[PDB]
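Okay, so here's the structure we're looking at.
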Amino acid sequence: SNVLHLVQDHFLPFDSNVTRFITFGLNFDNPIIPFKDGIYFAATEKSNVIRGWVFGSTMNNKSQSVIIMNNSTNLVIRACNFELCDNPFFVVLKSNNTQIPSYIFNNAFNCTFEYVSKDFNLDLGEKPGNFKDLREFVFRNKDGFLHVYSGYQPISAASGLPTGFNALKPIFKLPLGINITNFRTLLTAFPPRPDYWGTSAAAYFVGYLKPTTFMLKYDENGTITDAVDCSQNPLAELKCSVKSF
Amino acid sequence: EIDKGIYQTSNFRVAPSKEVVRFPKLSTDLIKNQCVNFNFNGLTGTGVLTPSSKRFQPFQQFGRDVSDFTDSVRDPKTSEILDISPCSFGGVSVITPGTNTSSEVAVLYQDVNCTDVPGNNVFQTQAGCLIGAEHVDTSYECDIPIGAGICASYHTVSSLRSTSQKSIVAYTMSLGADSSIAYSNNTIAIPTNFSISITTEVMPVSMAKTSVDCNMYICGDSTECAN
Amino acid sequence: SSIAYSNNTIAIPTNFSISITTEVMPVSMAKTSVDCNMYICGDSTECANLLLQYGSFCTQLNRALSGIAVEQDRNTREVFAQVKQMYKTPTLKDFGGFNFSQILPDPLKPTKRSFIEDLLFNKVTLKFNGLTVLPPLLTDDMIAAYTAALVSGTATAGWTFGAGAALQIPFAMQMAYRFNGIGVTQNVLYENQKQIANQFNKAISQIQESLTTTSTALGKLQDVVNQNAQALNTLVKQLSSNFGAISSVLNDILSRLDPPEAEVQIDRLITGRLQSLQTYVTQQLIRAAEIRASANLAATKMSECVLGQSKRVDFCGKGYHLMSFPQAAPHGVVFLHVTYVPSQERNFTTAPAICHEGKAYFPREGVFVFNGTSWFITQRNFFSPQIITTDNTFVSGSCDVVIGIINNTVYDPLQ
Amino acid sequence: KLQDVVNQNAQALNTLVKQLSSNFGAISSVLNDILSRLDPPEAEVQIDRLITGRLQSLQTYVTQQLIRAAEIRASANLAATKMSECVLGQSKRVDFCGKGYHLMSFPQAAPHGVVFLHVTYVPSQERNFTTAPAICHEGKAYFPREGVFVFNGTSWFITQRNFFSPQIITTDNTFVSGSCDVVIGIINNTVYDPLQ
Ligand SMILES: *[C@@H]1O[C@H](CO)[C@@H](O[C@@H]2O[C@H](CO)[C@@H](O)[C@H](O)[C@H]2NC(C)=O)[C@H](O)[C@H]1NC(C)=O
Ligand SMILES: *[C@@H]1O[C@H](CO)[C@@H](O[C@@H]2O[C@H](CO)[C@@H](O)[C@H](O)[C@H]2NC(C)=O)[C@H](O)[C@H]1NC(C)=O
Ligand SMILES: *[C@@H]1O[C@H](CO)[C@@H](O[C@@H]2O[C@H](CO)[C@@H](O)[C@H](O)[C@H]2NC(C)=O)[C@H](O)[C@H]1NC(C)=O
Ligand SMILES: *[C@@H]1O[C@H](CO)[C@@H](O[C@@H]2O[C@H](CO)[C@@H](O)[C@H](O)[C@H]2NC(C)=O)[C@H](O)[C@H]1NC(C)=O
Ligand SMILES: *[C@@H]1O[C@H](CO)[C@@H](O[C@@H]2O[C@H](CO)[C@@H](O)[C@H](O)[C@H]2NC(C)=O)[C@H](O)[C@H]1NC(C)=O
Ligand SMILES: *[C@@H]1O[C@H](CO)[C@@H](O[C@@H]2O[C@H](CO)[C@@H](O)[C@H](O)[C@H]2NC(C)=O)[C@H](O)[C@H]1NC(C)=O
Ligand SMILES: *[C@@H]1O[C@H](CO)[C@@H](O)[C@H](O)[C@H]1NC(C)=O
Ligand SMILES: *[C@@H]1O[C@H](CO)[C@@H](O)[C@H](O)[C@H]1NC(C)=O
Ligand SMILES: *[C@@H]1O[C@H](CO)[C@@H](O)[C@H](O)[C@H]1NC(C)=O
Ligand SMILES: *[C@@H]1O[C@H](CO)[C@@H](O)[C@H](O)[C@H]1NC(C)=O
Ligand SMILES: *[C@@H]1O[C@H](CO)[C@@H](O)[C@H](O)[C@H]1NC(C)=O
Ligand SMILES: *[C@@H]1O[C@H](CO)[C@@H](O)[C@H](O)[C@H]1NC(C)=O
Ligand SMILES: *[C@@H]1O[C@H](CO)[C@@H](O)[C@H](O)[C@H]1NC(C)=O
């Protein structure tokens, strides 16, 4: 309550050089991305285009890969071993808005981790307006615990990631214990008709966490109301030296 | 032999009453508003347990102070946020006239309330609980500084007539005499006589020139020592 | 600036100003005390047994703090308690036209301190481990009574009450004497009393306005707080450092480890925390000595500026000193100094002595000036030209010795 | 004040000496004993602890003594100032040499200190009168010089501010400086002309 709390830890620096992975209009992207000591994933969508993720090390039936599918009711946290098929995209039908069964994996062999998340009715198809929904995920590996810190933003995105500030809460501390080296975004594609495929006007953005020092401004209610990246600017360093804002 | 003064003989500490432990061994869940040895989720502290006021985040369990002290807790077995505060701890100090004058003493608990103290009358003052001092409404010049404007002395309390009890009396300080001089627009006060007053002022000039050889103190003439 | 040394001309002030300035002086510092065992061992029975080995570090490191505390009380007494008899604030707060309402306490109000003291208290913005802060002996209301007594006494008795018995005097001739002290004569005040009162009221109002806004011209009384807190801050922080031990918390080491090497770890932590306390005590002693010196200066300023008219240059204020008013503040005293500032100079011409008839006349308590037509004699600090007379001058020797002697008559009134 | 500096010095020295007989983690508190009971390779382990303890105690003593010395030096400087200003002269400064108005000061020696006997003039037995800023005699004001106008009841007199010697008002004791109108509290009276 009513403190300015310094912390050296693994945060996304203020105003970073952040990569944008776009799935909109005509094109779809399902690439692998390096997971460097923690990633910051932004899902900006209106059609629930982004469901989950595939975190895995080697992809040769000897590596444990975590997969989550946050698509309406069928949410299962399944960290399992399997042959990784090339394009296991989600398939939400265009003009029907139904998930079309696609093999997320070729089989299931080990499944070192299995948790059944609860079912909740949720939308899946293309929706009007702006992709006002920003769902934020930060991942961190400590001692085999993947901590996931999530947030939601209804702020508008006309050109990209908007300017502002907000904090994310630590929902999950999942003890996977596996040396994950790869992160692939699970995405849905809207096919006008089978074998044609398409994408809704959405996007996702990947940034990399870096170890720096932050002055989290913990308010009376215990919410981080603001912060400063010490290494961002010289005057930022001086703020961290005087701790005053 | 003791001379007149407050002397700060020792410290004071209120012992915890009951031990309470919880888990997410067995649990003795809650004692409130008493110094208790709380053991919430494996953390053991001795402090008064009180209900917490401000609203925690649902994941946030322990409340922290500016100096990183924990001032609130979440029960691991039951669910409730509790404010945490330290138990009282002051330093007892003995007020006593010169042992030549009397062997009567009073005690001063230097921060605590008179509810915590374990001697016929007590006086709650801003300094602390003053036990053995008979409060009076009269005022004199300060003799023994308690503080917050109150000083104690060895005076006749006038119990019955004046029974010569001469008990320790704690009174609020008198700043000085009250004088009556009035402003007037055409009156002047001219002295008609004078006095020759001789006073003494004492000033320290020097202290004793001491020398302490390091080797003699540290090693005491030991050949092996000093290497 | 350009100032020309001419061997024949002088500059004489013709007008003046009454200027009131504020000087802020810390007097006392917060009295804190610490117990070793609570801070170091943190209520553990295994510790405070090893601490017996280290001897009597604790009686010394607690006695030093107690010595600082008594010194602070002494400083307050030396500074405020210089008034022997608490003179009551007069019902009327207009003394020959001078408005003392802001410096004296207001009977109607409930603060029992002056508007100036109220603003000063307003501006300066303010259980832990074995640390306590003892209450100061004299309350904020009691020193307020001392300063109110001083202000009323100086308003109603003048320079007198400071030395010997208090003697009342109308404020008009009190200010007249004090004007006579700086060299300006009585007639100047007895003829410019309305103007002087106007400037005096304006100056007090201006000081009130300057303090009223968020101007931070009270830093000296805040640093003594600030640094204090900082020290009292960092000591606590040092309880979170493991000086090369497994953990900072003593109970954590005692529980996790078996007694034999737990003893080594505990010894490490004791050494660290004892070093911390020693540094803190050292710093407190150094700060206390500085505070004592400031208080000693504040006491001397009260004794000379307030209870009399100090003639020391630039001691009390920037100008010729007239009267000083003390005011209380958090942990210090604020002096308001009244100074007579000359202004509106005029070029003149001058000579050392005047040759009248084969004799040299020298001026006493003045200077020879040439207004343009004839020669006059006037006091150096204010322009009041008087005719030259055997009374104003004094005759000594012939006319040849003095360099610059001029020819003019010396009018003797009696013949 | 002299006794307290001696007491603090003695207490510092006694605490220093008392600190000697104390194990600092060592098996014993006497260097002789540890040498006798232990071979040098394992004797140095204890001897280093004792050296650290005694070094730290010595540093504390030296530090405190230095600060105390500075305070003593400041007092001595003030004593020298007081000697120079009061003993060898007369001081206008208030409450610097005695209480009241300073006349003389005599020095006396004391163990490690100096005692000043100040001699002061204290007014007493006041008499309260009525008074006037000035006098308008023949169309001109007559201000006092080095005195105050007083009225005992039969005539107005002029006297010094600190002792009542009443004297008749003349042109010797006054200067005119202006007309009667301006002064706030003018009072009518005759100024005696010695020449007339
Ligand atoms: C000396 O200066 C003061 C200050 O300005 C003069 O007093 C002012 O006089 C004018 C005209 O007489 C008034 O309008 C102002 O209100 C006055 N102000 C104050 C503060 O008194 C004074 O007249 C000057 N005297 C001489 C001889 O020059
Ligand atoms: C003395 O000064 C006080 C303070 O300025 C005067 O009181 C003020 O009077 C004016 C008008 O009468 C009001 O507008 C202010 O609010 C008053 N201030 C306070 C603090 O009361 C007072 O009139 C002056 N009196 C004399 C005799 O000079
Ligand atoms: C210089 O001094 C002369 C002599 O005092 C002044 O002349 C007098 O001025 C006063 C003022 O009105 C008159 O009452 C006298 O009658 C004047 N005397 C004579 C002989 O004229 C003169 O005004 C002064 N001038 C300057 C510039 O200082
Ligand atoms: C002041 O007056 C005296 C006498 O009038 C002057 O003394 C002589 O003045 C005459 C003027 O006619 C000179 O010629 C002489 O040299 C002066 N000195 C003598 C006779 O010894 C005196 O000089 C005058 N001073 C000034 C400065 O004018
Ligand atoms: C006021 O002073 C006058 C002058 O000193 C006093 O009158 C003198 O009193 C003495 C004693 O009675 C007589 O010897 C003188 O002869 C008086 N003077 C004259 C001129 O006759 C007067 O008594 C004083 N009054 C008071 C009340 O002190
Ligand atoms: C001092 O005496 C003079 C002269 O008797 C007084 O002046 C008179 O004042 C009244 C009232 O203003 C006028 O009506 C007269 O005309 C004045 N007379 C003269 C000759 O000027 C003066 O008032 C007296 N002062 C006091 C304080 O009583
Ligand atoms: C805490 O939450 C309450 C409830 O909405 C709100 O009124 C208050 O302003 C909040 N305080 C802070 C510091 O955000
Ligand atoms: C104690 O007090 C009595 C009377 O005041 C006196 O005779 C005696 O000497 C005192 N004792 C000491 C040790 O000063
Ligand atoms: C002492 O007790 C009274 C009444 O119970 C309470 O009002 C006061 O706050 C207590 N003092 C402290 C320091 O808590
Ligand atoms: C008069 O004074 C002004 C400045 O005050 C100066 O510049 C000038 O030279 C002076 N002249 C004479 C004749 O003194
Ligand atoms: C002043 O100096 C000038 C310049 O040399 C000189 O002519 C004049 O005689 C001097 N007068 C006096 C009185 O010194
Ligand atoms: C004269 O002044 C004295 C000194 O304060 C006072 O006690 C006395 O009452 C005054 N006499 C009067 C006002 O008649
Ligand atoms: C001040 O003096 C005047 C006369 O100069 C007088 O009328 C007035 O009453 C005096 N003040 C008081 C408060 O009496």
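Chain labels A, B, ... are given in the sequence in which chains occur in the structure tokens; within each chain residues are numbered consecutively from 1, and ligands are likewise numbered from 1 in the order shown.
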
Quiz item: If we count only C-alpha atoms, what is near residue C:269 at a cut-off of 10 Å, once residues fewer than 6 positions away on the same chain are taken out, given as a list in words?
Solution: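 After dropping sequence-adjacent residues, the list is residues 40, 41, 239, 241, 242, 243, 244, 245, 246, 247, 248, 249, 250, 263 and 275 of chain C.
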
Could you write those residues out with N, CA, C and O atoms, as a compact mmCIF listing (two decimals), in the first residue's frame?
```
# COMPACT_ATOMS: atom_id res chain seq x y z
N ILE C 40 19.48 -6.72 17.38
CA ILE C 40 20.49 -7.66 16.91
C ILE C 40 19.96 -9.09 16.96
O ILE C 40 19.89 -9.78 15.94
N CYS C 41 19.60 -9.55 18.16
CA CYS C 41 19.23 -10.95 18.32
C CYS C 41 17.80 -11.20 17.86
O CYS C 41 17.45 -12.32 17.48
N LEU C 239 18.73 -4.95 8.46
CA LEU C 239 18.26 -6.20 9.05
C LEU C 239 17.89 -7.22 7.98
O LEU C 239 17.61 -8.38 8.30
N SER C 241 19.89 -8.01 5.36
CA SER C 241 21.11 -8.40 4.67
C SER C 241 21.79 -9.54 5.41
O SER C 241 22.03 -9.44 6.62
N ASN C 242 22.08 -10.63 4.69
CA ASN C 242 22.84 -11.74 5.25
C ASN C 242 24.31 -11.46 4.97
O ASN C 242 24.77 -11.54 3.83
N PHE C 243 25.06 -11.14 6.02
CA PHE C 243 26.47 -10.76 5.88
C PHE C 243 27.28 -12.02 5.63
O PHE C 243 28.12 -12.40 6.45
N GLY C 244 27.06 -12.66 4.49
CA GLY C 244 27.72 -13.91 4.16
C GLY C 244 27.17 -15.11 4.92
O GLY C 244 27.89 -16.10 5.12
N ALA C 245 25.92 -15.03 5.34
CA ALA C 245 25.24 -16.15 5.97
C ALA C 245 24.16 -16.66 5.02
O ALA C 245 23.85 -16.04 4.00
N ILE C 246 23.59 -17.81 5.37
CA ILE C 246 22.59 -18.43 4.52
C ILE C 246 21.32 -17.58 4.46
O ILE C 246 20.72 -17.42 3.39
N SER C 247 20.91 -17.02 5.59
CA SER C 247 19.69 -16.23 5.62
C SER C 247 19.84 -15.08 6.60
O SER C 247 20.64 -15.14 7.55
N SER C 248 19.06 -14.03 6.36
CA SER C 248 19.08 -12.86 7.24
C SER C 248 18.31 -13.12 8.53
O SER C 248 18.71 -12.65 9.60
N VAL C 249 17.21 -13.86 8.44
CA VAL C 249 16.36 -14.07 9.61
C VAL C 249 17.06 -15.03 10.57
O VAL C 249 17.42 -16.16 10.19
N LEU C 250 17.27 -14.58 11.81
CA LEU C 250 18.00 -15.39 12.78
C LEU C 250 17.28 -16.70 13.06
O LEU C 250 17.90 -17.77 13.09
N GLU C 263 25.87 -21.63 15.06
CA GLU C 263 26.56 -20.66 15.90
C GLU C 263 27.47 -19.76 15.07
O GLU C 263 27.51 -18.54 15.29
N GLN C 275 28.12 -3.79 13.74
CA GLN C 275 28.77 -2.76 12.94
C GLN C 275 27.75 -1.71 12.51
O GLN C 275 28.03 -0.50 12.56
```

Quiz item: Quick one: residues within 10 Å of residue A:128, only C-alpha atoms counted, chain neighbours fewer than 3 positions away excluded, as a PyMOL selection string?
Solution: chain A and resi 46-47+131+201

Quiz item: Which chain D residues are at most 7 Å from chain C (counting only C-alpha atoms), as a ChimeraX atom specification?
Solution: /D:19,22-25,93-95,99-101,122-124,133,177,182-183

For the selection you just gave me, I'd like the residues written to a file as an mmCIF file, in the first residue's frame, keeping N, CA and C atoms.
```cif
data_model
loop_
_atom_site.group_PDB
_atom_site.id
_atom_site.type_symbol
_atom_site.label_atom_id
_atom_site.label_comp_id
_atom_site.auth_asym_id
_atom_site.auth_seq_id
_atom_site.Cartn_x
_atom_site.Cartn_y
_atom_site.Cartn_z
ATOM 1 N N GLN D 19 36.530 -3.948 28.772
ATOM 2 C CA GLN D 19 36.373 -4.712 27.542
ATOM 3 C C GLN D 19 37.503 -5.707 27.313
ATOM 4 N N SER D 22 37.216 -10.317 28.060
ATOM 5 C CA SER D 22 36.015 -10.774 27.379
ATOM 6 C C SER D 22 36.384 -11.598 26.157
ATOM 7 N N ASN D 23 35.929 -12.848 26.130
ATOM 8 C CA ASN D 23 36.052 -13.657 24.926
ATOM 9 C C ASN D 23 35.262 -13.007 23.803
ATOM 10 N N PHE D 24 35.842 -12.958 22.610
ATOM 11 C CA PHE D 24 35.106 -12.523 21.434
ATOM 12 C C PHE D 24 34.740 -13.693 20.531
ATOM 13 N N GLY D 25 34.382 -14.828 21.121
ATOM 14 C CA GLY D 25 34.200 -16.059 20.383
ATOM 15 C C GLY D 25 35.340 -17.012 20.671
ATOM 16 N N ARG D 93 27.718 43.558 24.576
ATOM 17 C CA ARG D 93 26.876 42.415 24.237
ATOM 18 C C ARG D 93 26.029 41.972 25.412
ATOM 19 N N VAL D 94 24.763 41.668 25.149
ATOM 20 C CA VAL D 94 23.841 41.320 26.228
ATOM 21 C C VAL D 94 24.007 39.917 26.788
ATOM 22 N N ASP D 95 23.999 39.789 28.114
ATOM 23 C CA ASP D 95 24.082 38.487 28.775
ATOM 24 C C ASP D 95 25.302 37.692 28.317
ATOM 25 N N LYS D 99 24.796 38.937 34.071
ATOM 26 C CA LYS D 99 23.390 39.260 33.848
ATOM 27 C C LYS D 99 23.165 40.695 34.302
ATOM 28 N N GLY D 100 22.628 41.520 33.409
ATOM 29 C CA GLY D 100 22.494 42.938 33.639
ATOM 30 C C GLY D 100 23.425 43.692 32.722
ATOM 31 N N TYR D 101 24.043 44.737 33.264
ATOM 32 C CA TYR D 101 25.024 45.517 32.525
ATOM 33 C C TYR D 101 26.410 45.256 33.092
ATOM 34 N N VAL D 122 22.588 46.249 38.411
ATOM 35 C CA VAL D 122 21.184 45.882 38.252
ATOM 36 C C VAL D 122 20.302 47.004 38.786
ATOM 37 N N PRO D 123 19.486 47.634 37.948
ATOM 38 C CA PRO D 123 18.539 48.631 38.456
ATOM 39 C C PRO D 123 17.472 47.992 39.333
ATOM 40 N N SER D 124 16.976 48.771 40.291
ATOM 41 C CA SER D 124 16.015 48.279 41.266
ATOM 42 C C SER D 124 15.311 49.467 41.908
ATOM 43 N N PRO D 133 6.839 62.721 24.937
ATOM 44 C CA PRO D 133 7.903 62.670 23.918
ATOM 45 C C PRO D 133 8.698 63.959 23.791
ATOM 46 N N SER D 177 14.505 71.429 16.515
ATOM 47 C CA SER D 177 14.156 70.512 15.427
ATOM 48 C C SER D 177 12.653 70.479 15.134
ATOM 49 N N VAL D 182 3.678 68.540 14.360
ATOM 50 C CA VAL D 182 3.852 67.210 13.783
ATOM 51 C C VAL D 182 3.848 66.136 14.869
ATOM 52 N N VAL D 183 4.506 66.406 15.999
ATOM 53 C CA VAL D 183 4.706 65.379 17.018
ATOM 54 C C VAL D 183 3.366 64.936 17.593
#
```

Exercise. Please determine the contact residues of chain B with respect to chain A at a cut-off of 10 Å, counting only C-alpha atoms, and supply them as a list in words.
Key: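 Contact residues on the first chain: residues 54, 55, 56, 57, 58, 59, 60, 63, 64, 65, 66 and 68 of chain B.
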
Practice problem: List all protein, DNA and RNA residues that have at least one atom no more than 12 Å from any atom of ligand 13, counting only C-alpha atoms and all ligand atoms, and write them as number ranges by chain. | Solution: B: 182-187; C: 90-97, 170-172; D: 130-134, 183-187

Please produce an output containing C-alpha atoms for each residue in the selection, written as a PDB file, in the first residue's frame.
```
ATOM      1  CA  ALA B 182       0.760  46.869  31.713  1.00  0.00           C
ATOM      2  CA  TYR B 183       1.079  48.953  28.571  1.00  0.00           C
ATOM      3  CA  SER B 184       0.317  52.624  29.186  1.00  0.00           C
ATOM      4  CA  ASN B 185       0.595  55.415  26.661  1.00  0.00           C
ATOM      5  CA  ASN B 186       2.224  58.033  28.910  1.00  0.00           C
ATOM      6  CA  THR B 187       3.857  56.217  31.848  1.00  0.00           C
TER       7      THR B 187
ATOM      8  CA  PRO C  90      -1.837  42.618  25.970  1.00  0.00           C
ATOM      9  CA  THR C  91      -5.491  42.900  25.060  1.00  0.00           C
ATOM     10  CA  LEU C  92      -4.698  45.644  22.538  1.00  0.00           C
ATOM     11  CA  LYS C  93      -2.444  44.653  19.646  1.00  0.00           C
ATOM     12  CA  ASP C  94      -1.828  48.184  18.317  1.00  0.00           C
ATOM     13  CA  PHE C  95       1.142  49.942  19.924  1.00  0.00           C
ATOM     14  CA  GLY C  96       1.556  53.514  18.735  1.00  0.00           C
ATOM     15  CA  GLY C  97       0.278  52.413  15.333  1.00  0.00           C
ATOM     16  CA  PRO C 170       5.468  53.507  25.476  1.00  0.00           C
ATOM     17  CA  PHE C 171       6.459  51.891  22.209  1.00  0.00           C
ATOM     18  CA  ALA C 172       6.944  55.294  20.585  1.00  0.00           C
TER      19      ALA C 172
ATOM     20  CA  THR D 130       4.109  60.192  33.554  1.00  0.00           C
ATOM     21  CA  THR D 131       6.145  61.205  30.529  1.00  0.00           C
ATOM     22  CA  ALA D 132       6.030  63.075  27.226  1.00  0.00           C
ATOM     23  CA  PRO D 133       7.903  62.670  23.918  1.00  0.00           C
ATOM     24  CA  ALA D 134       8.708  66.384  23.651  1.00  0.00           C
ATOM     25  CA  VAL D 183       4.706  65.379  17.018  1.00  0.00           C
ATOM     26  CA  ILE D 184       1.917  63.054  18.142  1.00  0.00           C
ATOM     27  CA  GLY D 185       2.027  63.559  21.903  1.00  0.00           C
ATOM     28  CA  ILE D 186       3.428  67.061  22.352  1.00  0.00           C
ATOM     29  CA  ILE D 187       3.132  68.548  25.847  1.00  0.00           C
TER      30      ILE D 187
END
```

Exercise. Using only C-alpha atoms, find which residues of chain C lie within 7 Å of chain B and jot them down as a VMD selection string.
Key: chain C and resid 84 to 87 135 to 139 156 167 to 170 237

Quiz item: Do you know which residues are within 9 Å of ligand 3 using only C-alpha atoms and all ligand atoms? Can you write them as a list in words?
Solution: residues 370, 371, 372, 373, 374, 375, 376, 385, 386 and 387 of chain C

Could you list, as a short mmCIF file (atom, residue, chain, number, x, y, z; two decimals) with N, CA, C and O atoms, in the first residue's frame, all the residues within 9 Å of ligand 8, counting only C-alpha atoms and all ligand atoms?
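As a result, selection_29.cif now contains:
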```cif
data_model
loop_
_atom_site.label_atom_id
_atom_site.label_comp_id
_atom_site.auth_asym_id
_atom_site.auth_seq_id
_atom_site.Cartn_x
_atom_site.Cartn_y
_atom_site.Cartn_z
N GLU B 1 24.66 3.74 46.54
CA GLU B 1 23.89 4.96 46.70
C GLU B 1 23.50 5.51 45.34
O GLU B 1 24.32 5.54 44.42
N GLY B 98 17.17 11.10 45.79
CA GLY B 98 18.46 10.67 46.28
C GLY B 98 18.31 9.69 47.43
O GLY B 98 17.62 9.95 48.41
N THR B 99 18.97 8.53 47.29
CA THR B 99 18.85 7.47 48.28
C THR B 99 19.11 7.99 49.69
O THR B 99 18.61 7.42 50.67
N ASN B 100 19.85 9.09 49.81
CA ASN B 100 19.97 9.77 51.09
C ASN B 100 18.62 10.28 51.58
O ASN B 100 18.31 10.19 52.77
N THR B 101 17.81 10.82 50.67
CA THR B 101 16.52 11.37 51.08
C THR B 101 15.53 10.27 51.42
O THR B 101 14.86 10.32 52.46
#
```

Exercise. Please identify which residues in stretch 86-181 of chain A DSSP calls strand (DSSP E or B) from the backbone, and express them as a PyMOL selection string.
Key: chain A and resi 90-92+99+113-116+133-142+145-153+169-175
